[PDB]
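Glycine gets a Cβ as well: all are built from the backbone with ideal geometry, and neighbour counts include every protein chain shown. Nothing in this text is a laboratory measurement; each read-out follows from the coordinates by a stated rule.
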């Protein structure tokens, strides 16, 4: 039984718009911040790669559905490109080609018995909105509401699973480095916190919009996808344990405390440590923005489930490091990775499957066992179809998740593998492969071909259990 998926549990695979679509300026699509980064700053990206074509899923979406059907996916998580739908960012112009494209994809999925799960914002902000400052400018919360209204109105009759944002912990870092994630602005410790603040407000406005304007008719669920690494105490000391709690609160709690707790607001440790550090550095005002009591009440409770992206673990020990100011320095933990952990093709990603179970338990206890949908989990290599490392990664992580469900009572409701196919891996270009299907980026037809991991995941989805040969 510990190896069998619950009957209602949903299994599938995930992608994101800029990573797969191409057609970056086709049929009225406006430019986004990743068009700008890859066009103006190819020195920031491995091989100077761009998403101009990527998997060409704008043209090849029927092929994506075909492979999802072959895999046996019950759910397909994908994102909508804001600037494909609203080319100017604002809602004055709706691009009918963009509406037609996502309707075509949704209708194709449903005709093939696959449920769509839609991420509204997966990092591809319209450049016109970044020109106002982007996420640090709170005016984007209302713009985000207006974007979501267009999405609910056009697609919500057929889409019943929504994520407002994907990994704001990551995309806020686009405001903490001059050479990093789009829009590549160097305001660490200041602009990244402002970006988080706007995202939380935007998420809450979108949830309330759904309640007010769409839920009665559409009957779907709205969540958010938050990434989090497990942080294992370097030693069993109380002080190293404290540092790991700081990590959870500074990385997951930054977003999940305001939304998923009864109290709301940011975690106390986040407010207190930033306030103290800001005072010590001579600022009149804390670098952490504040919610009013009315905002705390508006934001808390804005969820129907929690989306989690889980990949890896770190070791945490008591202490402080990093540049002043920065979120890492403010967090009061010294982070490392254990040399013994198996590696991937991504410097940050080590294979630590038991960390997944620990993280799921941390979330269960902190947030009172919310329904959790694993919206990403996956592994990188540099190429190859006989992807034994990826097969091991998935079978181990799925076993650890099933223990969390069956042994630990964690309410995990679904799981989408990152990714359906090799795609544009952001600053890593096409150099790091996360797909269960391989794609030849030198072939204009971009054929998708199954790796061993696709075959193993198909076997898992078909049998609804971990095969005997992968059990302990």
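Counting every pair of alpha carbons in the chain, the share spaced more than 29 Å apart comes to 45 percent. Beta-bridge orientation, the chain: approximately 20 percent antiparallel, per DSSP, counting only bridges with both partners inside. Placing a label point 7 Å from the Cα of residue 464 along the Cα-to-Cβ direction, the residues of the range 357-397 whose backbone N falls under 19 Å of that point are 374.
Sorted by packing (mean other beta-carbon atoms within 10 Å per residue), highest first, where do 110-119, 342-351 land?
Working: 110-119: 18.8, 342-351: 16.6.
Result, highest mean first: 110-119, 342-351.
The calculated FRET efficiency for the pair residue 339 and residue 472, based on their C-beta separation and a Förster distance of 22 Å, comes to about 0.35. Peptides 39-47, 185-193, 270-278 ordered by packing proxy, namely the average of other Cβ atoms within 10 Å per residue, highest first: 185-193, 270-278, 39-47. Multiplying the residue separation of residue 293 and residue 88 by 0.36 nm and removing their Cα-Cα distance gives an extension gain of 70.4 nm. Would you mind pulling out the separation of the Cα centroids of the range 103-155 and the range 1-73, in Å? Here the answer is 14 Å between Cα centres.
Compared with the alpha-carbon gap, the fully stretched path from residue 27 to residue 323 is longer by 102.2 nm at 0.36 nm per residue.
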